[PDB]
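Q:
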Amino acid sequence: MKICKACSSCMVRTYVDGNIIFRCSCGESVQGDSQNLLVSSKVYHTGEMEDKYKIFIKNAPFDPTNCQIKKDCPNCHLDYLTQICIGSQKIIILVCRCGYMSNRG
Amino acid sequence: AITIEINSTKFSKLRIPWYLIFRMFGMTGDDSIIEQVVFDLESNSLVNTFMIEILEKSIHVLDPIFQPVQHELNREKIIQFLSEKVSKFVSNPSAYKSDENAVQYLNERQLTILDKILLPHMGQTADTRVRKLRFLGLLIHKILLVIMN
Amino acid sequence: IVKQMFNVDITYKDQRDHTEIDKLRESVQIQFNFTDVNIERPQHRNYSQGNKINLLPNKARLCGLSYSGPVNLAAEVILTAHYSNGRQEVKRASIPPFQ
Amino acid sequence: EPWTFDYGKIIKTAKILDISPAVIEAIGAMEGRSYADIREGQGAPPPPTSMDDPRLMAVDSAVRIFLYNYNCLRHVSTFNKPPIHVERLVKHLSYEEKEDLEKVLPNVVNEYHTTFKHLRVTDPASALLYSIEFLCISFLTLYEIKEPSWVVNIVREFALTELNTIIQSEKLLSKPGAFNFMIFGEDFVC
Ligand SMILES: [Zn+2]
Ligand SMILES: [Zn+2]
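Protein chains in written order, with the working numbering: chain C, 149 to 253; chain U, 206 to 354; chain G, 986 to 1084; chain V, -19 to 170.
#1: Starting from V/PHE138, follow the alpha helix (DSSP H) in both directions and report where the run begins and ends.
#2: Return the Cβ separation of V/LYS(-5) and V/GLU113 in integer angstroms, given the expectation that the two are a contact with Cβ distance under 8 Å.
#3: Give me the subset of the stretch 263 to 290 of chain U whose CB atoms are less than 7 Å from a CB atom of chain V, sorted by chain position.
#4: Anyone know if the C-beta pair for C/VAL243 and C/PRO209 falls short of 7 Å?
#5: Take G/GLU1011 and list the residues in its own chain whose beta-carbon comes closer than 8 Å to its own, dropping the five residues that flank it on each side.
#6: Any residues whose CB sits closer than 6 Å to a heavy atom of ligand 2? List them in chain order?
#7: Quick one, which of U/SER296, U/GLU277, U/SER288, U/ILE322 has its alpha-carbon nearest V/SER41's?
#8: Establish whether the CB of V/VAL169 and some CB of chain G are separated by less than 7 Å.
#9: Find the residues of chain V that neighbour C/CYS155, judging by a C-beta separation of less than 7 Å, and give them in chain order.
#10: Can you tell me the Cα-Cα spacing of V/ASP32 and U/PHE244, whole angstroms?
#11: Which one of V/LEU115, V/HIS93, V/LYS97, V/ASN60 has the shortest CA to CA distance from V/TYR75?
#12: Examine ligand 1 and report whether any of its heavy atoms sits within less than 6 Å of the Cβ of C/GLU176.
#13: Tell me the rounded alpha-carbon separation between C/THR213 and C/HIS193.
#14: Is any beta-carbon of chain V found at less than 7 Å from that of U/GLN309?
#15: Should U/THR214 be flagged as near chain V, meaning a C-beta pair shorter than 7 Å?
#16: So is the beta-carbon of C/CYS172 under 6 Å away from any non-hydrogen atom of ligand 1?
#17: Let me know the secondary structure DSSP gives G/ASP994 once reduced to three states.
#18: Would a check of beta-carbon distances place G/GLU1011 closer than 7 Å to chain V?
#19: Quick check: is any heavy atom of ligand 1 less than 6 Å from the C-beta of V/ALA105?
#20: Can you check whether the C-beta of V/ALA139 is within less than 7 Å of a C-beta belonging to chain G?
#21: With three or more C-beta pairs closer than 8 Å as the rule, is the stretch 85 to 101 of chain V touching the stretch 181 to 197 of chain C?
#22: Whether or not the stretch 3 to 19 of chain V and the stretch 1070 to 1083 of chain G are in contact is what I'm after, with contact meaning three or more pairs of Cβ atoms, one per stretch, closer than 8 Å; do they touch?
#23: Are there any heavy atoms of ligand 4 lying less than 6 Å away from the beta-carbon of V/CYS116, as far as the coordinates show?
#24: Following the continuous beta strand (DSSP E) through C/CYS215, name the residue where it begins and the one where it ends.
#25: For a test of the three-state rule: what should DSSP assign to G/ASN1070, helix, strand or coil?
#26: Which residues in chain V sit within 8 Å of G/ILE995, going by Cβ to Cβ distance?
#27: Could you spell out the range, first to last residue, of the beta strand (DSSP E) harbouring C/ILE240?
#28: What did DSSP end up calling V/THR(-7) once you bin it into helix, strand or coil?
#29: Does the beta carbon of V/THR58 sit closer than 7 Å to a beta carbon anywhere in chain C?
#30: What residues of chain V sit near G/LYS1008, judged by a beta carbon separation below 9 Å?
#31: I'd like the list of long-range same chain contacts for U/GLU289, defined as Cβ closer than 8 Å, with 5 residues on each side in sequence excluded.
#32: Cβ of C/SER157 versus every heavy atom of ligand 1: is any distance shorter than 6 Å?
#33: Quick one: what does DSSP say V/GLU67 is sitting in, helix, strand or coil?
#34: Could you tell me if U/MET256 is buried or exposed, where buried requires 16 or more neighbouring beta carbons within 10 angstroms of its beta carbon?
#35: In the stretch 163 to 182 of chain C, which residues sit with their C-beta less than 7 Å from some C-beta in chain V, listed in chain order?
#36: Of all the options V/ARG35, V/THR58, V/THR95, which has the alpha carbon lying nearest to the alpha carbon of V/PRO(-18)?
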């Protein structure tokens, strides 16, 4: 959103002149072309995106309740890896405390 | 609209617009109020965009009960309006306004009530108003996180 | 709960005006808290006019009595009168322990 | 650009508005204090030591309401029904004069918001002092307007009324004096 420079307030959009005219309750107008041509946004596969599990995938190697498999880590050569299965497509991600991640994630 | 209803011994069953709670404690800037929910107003992200659209829409939604103080940027007027809408004994809304001491008494009573029944686990004095606002923003952030699935 | 959550500070309108000060007075503020709270062991009276004796649970079960212990409260009352001149009169009284 | 606190601006503003200098510095710190003690500097809380101090938000809100009402004054032509606090100062002005108000009146916002946020996350006491000094500087700038003459009275009266309303609002959160508790029509008051 556009924050009014005088009073820290959100300003309406009110497309009138063929472009965006940001109007505030204090009367200030900013014009403001280019950067704010995006009016509406909606991501339809939320709950399965990368940033949904980013913290969990980062913390997965240190979680003692996560499944481990007898697979060698290509980075630090530990004999085991943490195995994750996220999403409705059952994406398998192998992670290690050294920071290795199985390509995806 | 994102409405916050506080049910306590002092008062209950009153849905206040969320930004009015932040405004009553001195946080009147919309950017600072929204920053309490998104934690960063200048981060592109994906949750931040969705949350910012919801909060911007919720700020401008017209409320039937809090209509006069919706666009008020002075916290004293919002505190007075809440005091009038909350206090049981204020059955005459105009007589007391002439007396300045009456207005001060209502404001002090409302501020004490708010410090006692708004997130009392985070503090019950006037030193923790901003911390309470941070916690409330965190709660709204979690709710909006659940909202986007 | 009694000593912290049950403090009273209520101002009531003065209802009497058959005196010059009575017309002067328009409100009195009642303010009291509780200072000592203690619950004793269940007791009972035999003679109906005698000393309270210990009530054993079997007697309470047989007689349909309540296995309940006395609650003793000690309070401090502060009464403040208000007049139409900006002054106030304070009468401070301490309530002795009572059941 | 470096900033340093200037108590002379607060002294001057107190002289203009006839209030004591301690009243201005008590903005946002008048809660739980009688106005008699506030104007005499009695019981003044120590300067803030954390960003979570409500005094910072209170003084920022005071500066914000000042700037909001100033912008409302500078854009009367936009509002079909201008706000009451601004309406009474433009009844004797023409549409051409109202439209000229946008360019004649200076912009006093400057870089207040970014500097305040930086100080709040860096130095809370400096943030509070900066907010109070900025409010005083903005009031003095609006008060010391000499050209054009047809706007000097308007800007002077607006600045006086705005800062008086701000102080009264901060005063309306102070300790009340003795009064009739039955002014609210009801048998009881709690
Ligand atoms: Zn604005
Ligand atoms: Zn590894």
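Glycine included, C-beta positions come from ideal geometry on N, C-alpha and C.
A: If we stick to the structure as given:
#1: Walking along the fourth sequence from the start, residue 138 of chain V turns up at place 158. Per DSSP, the unbroken alpha helix (DSSP H) holding V/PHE138 starts and ends at 129 to 151.
#2: Position 15 of the fourth sequence, counting from 1, holds the residue named residue -5 of chain V. Position 133 of the fourth sequence, counting from 1, holds the residue named residue 113 of chain V. Actually they do not touch by this definition, with Cβ atoms about 15 Å apart.
#3: Interface annotation for the stretch 263 to 290 of chain U against chain V: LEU278, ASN279, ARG280, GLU281, criterion Cβ-Cβ distance under 7 Å.
#4: In the first sequence, the residue the question calls residue 243 of chain C occupies position 95. In the first sequence, the residue the question calls residue 209 of chain C occupies position 61. Their beta carbons are under 7 Å apart, which means C/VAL243 touches C/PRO209 by this criterion.
#5: Translated into positions along the third sequence, residue 1011 of chain G becomes position 26. Excluding residues within five positions, the ones whose Cβ falls inside 8 Å are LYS998, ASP999, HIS1067, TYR1068, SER1069.
#6: Taken from the N-terminal end onward, the list reads C/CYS221, C/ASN223, C/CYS224, C/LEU226, C/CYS244, C/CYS246, C/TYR248.
#7: As a first step, residue 41 of chain V must be located in the fourth sequence, where it is residue number 61. Among U/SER296, U/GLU277, U/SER288, U/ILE322, the Cα nearest to that of V/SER41 belongs to U/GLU277.
#8: Looking up residue 169 of chain V in the fourth sequence gives position 189. Taking CB atoms only, V/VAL169 has a neighbour in chain G less than 7 Å away.
#9: The residue labelled residue 155 of chain C in the question sits at position 7 within the first sequence. Ordered by position in chain V, the residues that pass the 7 Å Cβ test against C/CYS155 are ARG44, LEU47, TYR48, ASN51.
#10: Here residue 32 of chain V is taken as the residue at index 52 of the fourth sequence, counted from 1. Here residue 244 of chain U is taken as the residue at index 39 of the second sequence, counted from 1. Rounded to whole angstroms, V/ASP32 to U/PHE244 spans 15 Å at the Cα level.
#11: Here residue 75 of chain V corresponds to residue number 95 of the fourth sequence, with the count starting at 1. Minimum Cα-Cα distance from V/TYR75 among the listed residues V/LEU115, V/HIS93, V/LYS97, V/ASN60 corresponds to V/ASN60.
#12: Along the first sequence, one-based indexing puts residue 176 of chain C at 28. Inclusion of C/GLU176 in the 6 Å shell around ligand 1 follows from its C-beta lying nearer than that to a non-hydrogen atom of the ligand.
#13: In the first sequence, the residue the question calls residue 213 of chain C occupies position 65. In the first sequence, the residue the question calls residue 193 of chain C occupies position 45. Near 27 Å, if we compare the C-alpha coordinates of C/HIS193 and C/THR213.
#14: Looking up residue 309 of chain U in the second sequence gives position 104. It does; some Cβ of chain V falls within 7 Å.
#15: For this step, residue 214 of chain U is matched to residue 9 along the second sequence. U/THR214 has a beta carbon lying at 7 Å or more from every beta carbon in chain V.
#16: What you label residue 172 of chain C is simply residue 24 of the first sequence in a count that begins at 1. Correct: C/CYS172 has its Cβ closer than 6 Å to ligand 1.
#17: Position 9 of the third sequence, counted from the first residue, corresponds to residue 994 of chain G. Correct three-state label for G/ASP994: strand.
#18: Here residue 1011 of chain G refers to the residue found at position 26 of the third sequence. For G/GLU1011, the answer is yes, since a Cβ of chain V falls inside 7 Å of its Cβ.
#19: As a working mapping, residue 105 of chain V is identified with position 125 in the fourth sequence. Checking every heavy atom of ligand 1 against the Cβ of V/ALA105, none is found closer than 6 Å.
#20: Along the fourth sequence, read from residue 1 onward, the residue named residue 139 of chain V stands at position 159. Answer no: the Cβ-Cβ gap between V/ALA139 and chain G never drops below 7 Å.
#21: No contact exists between the stretch 181 to 197 of chain C and the stretch 85 to 101 of chain V.
#22: Too few Cβ pairs lie closer than 8 Å, so no.
#23: Among the ligands present in this structure, namely ligand 1 and ligand 2, ligand 4 is not found.
#24: Residue mapping note: residue 215 of chain C aligns to position 67 of the first sequence, counting from 1. C/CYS215 -> beta strand (DSSP E) spans 215 to 217.
#25: On the third sequence, residue 1070 of chain G is found 85 positions in, with the first residue counted as 1. G/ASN1070 falls in the coil class under three-state DSSP.
#26: Position 10 of the third sequence, counting from 1, holds the residue named residue 995 of chain G. Near G/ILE995 (Cβ distances below 8 Å), the residues of chain V are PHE168, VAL169, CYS170.
#27: Residue 240 of chain C sits at position 92 when you count from the first residue of the first sequence. Element bounds for C/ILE240: 239 to 243.
#28: As a working note, residue -7 of chain V is residue 13 in the fourth sequence. V/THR(-7): helix per DSSP, three-state reduction.
#29: In the fourth sequence, the residue the question calls residue 58 of chain V occupies position 78. Output row for V/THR58: interface = yes.
#30: Taking the first residue of the third sequence as 1, we reach residue 1008 of chain G at position 23. Ordered by position in chain V, no residue passes the 9 Å Cβ test against G/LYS1008, which lies about 13 Å from the chain.
#31: To locate residue 289 of chain U, count along the second sequence from 1; it is residue 84. The beta carbon of U/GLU289 is closer than 8 Å to those of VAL295, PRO298, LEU311 in its chain, skipping five residues each way along the sequence.
#32: Looking up residue 157 of chain C in the first sequence gives position 9. Yes.
#33: For the purposes of this step, residue 67 of chain V is taken as the residue at position 87 of the fourth sequence. In the three-state scheme derived from DSSP, where H, G and I count as helix and E and B as strand, V/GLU67 is classed as helix.
#34: Here residue 256 of chain U corresponds to residue number 51 of the second sequence, with the count starting at 1. When all chains shown are included, U/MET256 counts as buried.
#35: Residues passing the 7 Å Cβ filter: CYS174, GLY175, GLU176.
#36: Your numbering for residue -18 of chain V matches position 2 in the fourth sequence. With distances taken between CA atoms, V/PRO(-18) lies nearest to V/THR95 out of V/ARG35, V/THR58, V/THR95.
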